[PDB]
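Don't worry about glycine lacking a Cβ; one is built from the backbone with ideal geometry, like all the others, and counts go over all protein chains shown. Read-outs throughout are calculated quantities, based only on the coordinates presented, and are distinct from any laboratory measurement.
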RNA sequence: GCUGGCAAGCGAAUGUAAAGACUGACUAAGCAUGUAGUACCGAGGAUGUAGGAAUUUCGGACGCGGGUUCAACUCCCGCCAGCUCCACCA
């Protein structure tokens, strides 16, 4: 369910909705399986309607053995 | 506007205020063509056919690139990231 145990133990969630996000082929096809690292995503104000911040990309072996796919994307 | 013919005082009754045509040097004050102005807008008028607001969506991304069914998000190919099989003795 990806409950975000940090945000569960601290400052219980109050409001949420449902929406997707935009990403490239590198950082995709693993979220379909479920692996990810979304613990305490630091989403801050962005001019483009608060672009997703904080959470990185899953460390699954989809790497081109240079980087995972994108250290910062 | 000073004057202009005089009644009215020099501080009195108290003023009509049009301003266009016509000659020409025209390239306004050498020098191209003139008798009303083609300029300049900015709150004076209009475009609203198309680009800006909503509104149907085209655009995108499942690795990329493109010649492919467009319904592509693997319908045809070259690579690269792993598995396997061997070729591979100057």
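Only one of A:43, A:67 is free of Cβ contacts under 8 Å to residues at least 40 places away in the same chain, in a loop (DSSP other than H, G, I, E, B) and within 16 Å of RNA strand B (Cβ to nearest atom); which? Steps first, please.
Working: A:43 fails: within 16 Å of RNA strand B (Cβ to nearest atom).
One residue alone meets the criteria, A:67.
Which residues, taken from segment A:1-16, are surrounded by 12 or more Cβ atoms within 10 Å (Cβ to Cβ) and part of a loop (DSSP other than H, G, I, E, B)?
The answer is A:4, and nothing else.
Residues in segment A:59-69 that are surrounded by fewer than 16 Cβ atoms within 10 Å (Cβ to Cβ) and in contact with a strand residue (DSSP E or B) (Cβ under 9 Å, 6 or more places away or on another chain): how many?
Within segment A:59-69, the subset surrounded by fewer than 16 Cβ atoms within 10 Å (Cβ to Cβ) is A:59-61, A:63-67.
Next cut, in contact with a strand residue (DSSP E or B) (Cβ under 9 Å, 6 or more places away or on another chain) only: A:59.
So the count comes out to 1.
Any chance you could count how many residues in segment A:17-40 are over 10 Å from the mean Cα position of the chain (by Cα) and either outside any loop (DSSP other than H, G, I, E, B) or at positive phi (or both)?
The total comes to 2.
Select from segment A:23-58 the residues that are exposed (fewer than 10 other Cβ atoms within 10 Å of the Cβ) and within 14 Å of residue A:70 (Cα to Cα) and list them in ascending order.
The answer is A:24, A:25.
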